[PDB]
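Shown next, in structure tokens, is the structure this report addresses.
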Amino acid sequence: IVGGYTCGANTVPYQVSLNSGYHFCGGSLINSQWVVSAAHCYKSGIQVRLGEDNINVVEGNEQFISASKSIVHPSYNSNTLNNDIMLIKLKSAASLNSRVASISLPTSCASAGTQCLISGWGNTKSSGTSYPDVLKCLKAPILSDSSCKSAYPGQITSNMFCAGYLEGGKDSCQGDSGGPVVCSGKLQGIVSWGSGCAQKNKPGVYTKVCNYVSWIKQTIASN
Ligand SMILES: [Ca+2]
């Protein structure tokens, strides 16, 4: 997260870290056994880390649970990043408490202009590299479909939205990938892609979760 703030320990209790020996992506807990992340975050041997603030210190509220199964969207296209969404099932149910909680799925898609909360342990610099140990947060508005398509001509599908600040300075970034965009208490986006981070006229692009709620529910009902 570039141009964000320290969230505060466990105030984003649905935020997970995916770990394969190191943090490599975010995710969102949607019930005690299931995490939503980005398909471009797929790898084998994922451990889900719940209840994290400082990802490099055991602070006492963590739950580490290995993935039992990953399910990349059937229509995920790694070339265009269309359908950039994946489900991860946990080997055991998380213990839900004040610091480890699920985030609601949307029933209807989010309004343009809605201020949303994006979070993660990704890079905090535009130009250069610095990865934080504690969870960072950013409040960012959903941009219009027209400004999104103008920013990335030919590349925006109906399964994507832009959020952020056209002037630059505030954005998600590498390492935030797969993490949540929460609007009005619902998981509306997944951190997916963008040209650089926090650059003028190059906002963040997010998976539009509301297009996926039928597939999420049918998948969780069968696995
Ligand atoms: Ca920790």
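Going by the structure tokens order, chains are called A, B, ..., each with residues numbered from 1, while ligands are numbered from 1 in the order shown.
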Subject >> Selection near residue 6 (chain A), 9 Å with only C-alpha atoms, sequence-local residues under 3 positions removed, as a ChimeraX atom specification >> reply: /A:9,134-138
**OP:** Can you tell me which residues come within 8 Å of ligand 1 when counting only C-alpha atoms and all ligand atoms, ideally as a ChimeraX atom specification?
**Re:** /A:51-62
Dump N, CA and C atoms for the selected residues as an mmCIF file, in the first residue's frame?
data_model
loop_
_atom_site.group_PDB
_atom_site.id
_atom_site.type_symbol
_atom_site.label_atom_id
_atom_site.label_comp_id
_atom_site.auth_asym_id
_atom_site.auth_seq_id
_atom_site.Cartn_x
_atom_site.Cartn_y
_atom_site.Cartn_z
ATOM 1 N N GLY A 51 -5.219 -13.540 11.681
ATOM 2 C CA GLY A 51 -4.946 -12.865 12.950
ATOM 3 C C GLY A 51 -3.605 -12.132 12.993
ATOM 4 N N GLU A 52 -2.992 -11.854 11.839
ATOM 5 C CA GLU A 52 -1.692 -11.222 11.728
ATOM 6 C C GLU A 52 -1.811 -9.691 11.842
ATOM 7 N N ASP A 53 -0.829 -9.067 12.543
ATOM 8 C CA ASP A 53 -0.488 -7.654 12.339
ATOM 9 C C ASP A 53 0.925 -7.617 11.780
ATOM 10 N N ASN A 54 1.952 -7.831 12.638
ATOM 11 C CA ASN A 54 3.338 -7.894 12.203
ATOM 12 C C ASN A 54 3.596 -9.302 11.679
ATOM 13 N N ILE A 55 3.808 -9.412 10.369
ATOM 14 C CA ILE A 55 3.961 -10.734 9.749
ATOM 15 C C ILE A 55 5.297 -11.391 10.094
ATOM 16 N N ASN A 56 6.225 -10.639 10.738
ATOM 17 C CA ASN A 56 7.553 -11.133 11.071
ATOM 18 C C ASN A 56 7.747 -11.378 12.562
ATOM 19 N N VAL A 57 6.665 -11.187 13.333
ATOM 20 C CA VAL A 57 6.703 -11.382 14.768
ATOM 21 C C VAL A 57 5.454 -12.167 15.171
ATOM 22 N N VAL A 58 5.616 -13.186 16.028
ATOM 23 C CA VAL A 58 4.490 -13.892 16.620
ATOM 24 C C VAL A 58 4.029 -13.047 17.802
ATOM 25 N N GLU A 59 2.831 -12.474 17.688
ATOM 26 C CA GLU A 59 2.333 -11.494 18.643
ATOM 27 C C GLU A 59 1.260 -12.119 19.540
ATOM 28 N N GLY A 60 0.731 -13.293 19.178
ATOM 29 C CA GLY A 60 -0.139 -14.059 20.061
ATOM 30 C C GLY A 60 -1.562 -14.334 19.577
ATOM 31 N N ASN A 61 -2.035 -13.689 18.493
ATOM 32 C CA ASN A 61 -3.396 -13.789 18.014
ATOM 33 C C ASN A 61 -3.467 -14.493 16.654
ATOM 34 N N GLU A 62 -2.330 -15.013 16.195
ATOM 35 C CA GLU A 62 -2.309 -15.692 14.899
ATOM 36 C C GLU A 62 -2.991 -17.057 14.955
#
Subject >> All residues 10 Å or closer to region 66-76 of chain A, only C-alpha atoms, same chain fewer than 5 positions away omitted, as an NGL selection string >> reply: :A and (18-20 or 33-49 or 81-92 or 212 or 215-216 or 219 or 223)
Original post:
Would you give me, as a list in words, the residues in region 69-189 of chain A that DSSP reads as alpha helix (DSSP H)?
Top reply: residues 145, 146, 147, 148, 149, 150 and 151 of chain A
